[PDB]
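Only one structure is covered here, and it is reproduced in the block below.
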Amino acid sequence: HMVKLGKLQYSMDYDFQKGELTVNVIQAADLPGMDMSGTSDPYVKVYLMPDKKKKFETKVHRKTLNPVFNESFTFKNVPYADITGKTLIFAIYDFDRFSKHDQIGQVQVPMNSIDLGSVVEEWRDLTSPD
């Protein structure tokens, strides 16, 4: 029996001519409750490894384990020769006004393991923060 951390739905729109990757953070489902009340205040950070310079962040959603983000971010200067060596990371956090934001889990997508020409949605299970 594997730990259940929820799942994330995203989609990607890669522009091969301009070398630009648009990432759509659509929604998360079945997140665990991080707070005493059994709920969370989720948000997502998005970045590309090994760059880890551009770190996009979604708005913070309040008191929900099934947030619908519908946010889009565009990475630039990622021509085809460059993007396939990178790994896209979604890191999901529980916001807290005062304390450190606890990481719930993460989704790692090696860019060489998918079809960059696909624009339809994908669900991925969250794995452990590490």
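In the structure tokens, each chain is lettered A, B, ... as it comes, each chain's residues begin at 1, and ligands are numbered from 1 in order of appearance.
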
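Using only C-alpha atoms, the protein and nucleic acid residues lying no more than 6 Å from residue 93 (chain A), apart from those fewer than 2 places from it along its own chain, are residues 42, 43, 102, 103 and 104 of chain A.
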
message = Based on the backbone DSSP call, show me all residues of chain A assigned strand (DSSP E or B), as a ChimeraX atom specification.
response = /A:7-15,20-29,42-49,56-57,68-75,87-94,102-110,122-125,127

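Here the residues within region 11-119 of chain A that DSSP labels alpha helix (DSSP H) on the basis of the backbone are residues 80, 81, 82 and 83 of chain A.
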
Could you save the residues just selected, with N, CA, C and O atoms, as a compact mmCIF listing (two decimals), in the first residue's frame?
```
# COMPACT_ATOMS: atom_id res chain seq x y z
N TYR A 80 14.23 23.07 -29.00
CA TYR A 80 14.02 21.63 -28.90
C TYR A 80 15.27 20.93 -28.38
O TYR A 80 15.19 20.09 -27.48
N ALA A 81 16.43 21.29 -28.94
CA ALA A 81 17.68 20.67 -28.49
C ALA A 81 17.90 20.83 -26.99
O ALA A 81 18.58 20.00 -26.37
N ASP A 82 17.35 21.88 -26.39
CA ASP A 82 17.60 22.18 -24.98
C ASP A 82 16.52 21.59 -24.07
O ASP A 82 16.82 21.11 -22.98
N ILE A 83 15.26 21.58 -24.51
CA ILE A 83 14.18 21.21 -23.60
C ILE A 83 14.22 19.72 -23.28
O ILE A 83 13.79 19.30 -22.20
```

task = Tell me, as number ranges by chain, which residues lie within 7 Å of residue 75 (chain A), counting only C-alpha atoms; anything in the same chain fewer than 3 positions away does not count.
result = A: 20-22

Put those residues in a file: N, CA and C atoms, as a PDB file, in the first residue's frame.
```
ATOM      1  N   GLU A  20       9.393  27.953 -26.929  1.00  0.00           N
ATOM      2  CA  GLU A  20       8.670  28.433 -25.764  1.00  0.00           C
ATOM      3  C   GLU A  20       7.742  27.338 -25.294  1.00  0.00           C
ATOM      4  N   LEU A  21       7.723  27.100 -23.988  1.00  0.00           N
ATOM      5  CA  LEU A  21       6.875  26.072 -23.386  1.00  0.00           C
ATOM      6  C   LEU A  21       5.862  26.733 -22.463  1.00  0.00           C
ATOM      7  N   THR A  22       4.593  26.587 -22.808  1.00  0.00           N
ATOM      8  CA  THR A  22       3.486  27.033 -21.977  1.00  0.00           C
ATOM      9  C   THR A  22       2.956  25.858 -21.168  1.00  0.00           C
TER      10      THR A  22
END
```

request  = Please provide as a count of residues only all residues within 9 Å of region 1-18 of chain A, with the sequence filter that same-chain residues fewer than 5 positions apart are discarded (counting only C-alpha atoms).
outcome  = 34

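Between CA of residue 62 (chain A) and CA of residue 109 (chain A) the separation is 26.6 Å.
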
request  = Rank A:88, A:36, A:60, A:68 by their smallest atom-to-atom distance to residue 108 (chain A), using only C-alpha atoms, and report the top residue only.
outcome  = A:88
